[PDB]
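To begin, one chain is listed below as structure tokens, in the form deposited in one PDB entry.
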């Protein structure tokens, strides 16, 4: 059957009497359509119409199955490997070009930028009553936190992104540190990500700052600017006697980075700091972890070795390390009243997961729907997470090792927190799954590019629809009705294999049971 279209979506090819092999109900013949935004398959050979509708941004690779003409053993079709742990395999008649027409159209529209075609986000013409692009206001958010205040000021040194071009235009830093000082410190921090304020505690004034690793190198070089800058941070919390520095990386990996120019803060160079390593592994390791998981989760789960197979993926283990690390940060801020500086190698994948999760534990604001969108806009988009590079929108280059489920891990961690606190979040599971779906969809421009400055040059607000514009128009589908019972208090989920669950709602949502 025909697929429903969206403002800007037009059919690019169609083939009828195509057979999709469902690993759960068997073969089903019907029509396969490929618009400039999705892959649609519907069959009227089933009482409820069997509809398969997946966006093209989800397609990771396309592969042919069988060979040429009809040499294959009853298998002339193609298969699509999807980012959301499905794989879709289709069959084609002996007599038919539909096998090559579809393949060639998928391998063109599912990968627009690799064929100098535009991503759908730029074609989508649907309008909304609210502009998601105007949801996050740096100045208003800081004000919500009490910023500018005697201890912290707001600098505009980065409005044209000269200090650091992967950072937001506005940066909050200690009031006693001048702009000429930020330059020097920027010379010591990788890619100019010089610690900057993320969150400040209402009462204690304890702060969460984020930045990249120090450039120490093998010769063990050091800078007074950076060292005093870190001190200025601790001085802004008056009643504290220390400053913790959480390094997301495992100790053995930080050392390796040191050998290549990076490193960490030593107990001697930073007198009043205590650096902890949280043992959270790099992007490549998480890609492999998720890959092993998809392997035992789709399409059929083998019961006997489920537990060991699951453990072997190290998915839940990584989630646990992320949550636990977030827990250590939020605790030192809450209970210890001590400011914490959090970083990693570049400070834009693990640091983002840590600050984001701690913030959610500490501030109930980000647990509300609009709050979370702000959280996503603040930590991850504005602070330079490479969504484009990490997801690979419309790029045939599926093996790229720059691709990793970083954000997906974060969202998983959030879902983990919502299970443990069924009343503390205004949003619900569907909201989160909807976010993961549009991470790949490229329907909106919210998860495009790799930086704030990039999005400015690309003029994304004026050329694409924000994902929040659509979500804030259907809020009845994203609200947790049990939201309230808890309160405007601090959350402390339990990181332990006995309280973390596999997010069945996402990683196994295709099995019709």
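For the two forms, the rigid core is made up of the largest set of C-alpha atoms that agree within 1.5 Å on superposition. Residue numbers count along the first chain shown, from 1.
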property: Greater mean Cα temperature factor according to the PDB record, 217-225 or 320-328; result: 217-225
property: Higher-scoring stretch by recorded Cα B factor average, 481-489 or 445-453; result: 481-489
property: Of the residues 376, 107, 278, 357, the one carrying the largest Cα B-factor as recorded; result: 107
property: Residue of maximum C-alpha B factor among 427, 133, 383, 76, per deposited coordinates; result: 76
property: Modelled-residue ranking by C-alpha temperature factor, third containing residue 397; result: middle
property: Modelled-residue ranking by C-alpha temperature factor, third containing residue 64; result: highest
property: Residue 155 CA temperature factor, ranked by third within the chain; result: middle
property: CA B-factor placement of residue 42, once the chain's modelled residues are sorted into thirds; result: highest
property: Lowest, middle or highest third - CA B-factor, residue 34; result: middle
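Another form exists, solved in complex with a small molecule; not displayed. Remarks below refer to it.
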| property | result |
| --- | --- |
| The small molecule contact at residue 367 in the deposited bound form, heavy atom, 4.5 Å | no |
| Residue 92, heavy atom within 4.5 angstroms of the small molecule in the deposited bound form | no |
| The small molecule contact at residue 100 in the deposited bound form, heavy atom, 4.5 Å | no |
| Heavy atom of residue 249 within 4.5 Å of the small molecule in the deposited bound form | yes |
| Residue among 405, 174, 262, 132 with a heavy atom within 4.5 Å of the small molecule in the deposited bound form | 262 |
| Residue among 348, 315, 425, 410 with a heavy atom within 4.5 Å of the small molecule in the deposited bound form | 348 |
| Non-hydrogen atom within 4.5 Å of the small molecule in the deposited bound form for each of 257, 282 and 344 | yes |
| Among 430-438, 315-323, 222-230, 348-356, the region lying within 4.5 Å of the small molecule in the deposited bound form by heavy atom distance | 348-356 |
| Mobile residue between the shown form and the other one, C-alpha criterion 2 Å or more, rigid core, from 397, 115, 300, 74 | 74 |
| Sense of CA distance change between residue 72 and residue 65 in the deposited bound form, threshold 3 Å | farther |
| Shift in CA distance, residue 69 and residue 12, in the deposited bound form relative to the form shown here, given it is 3 Å or more | farther |
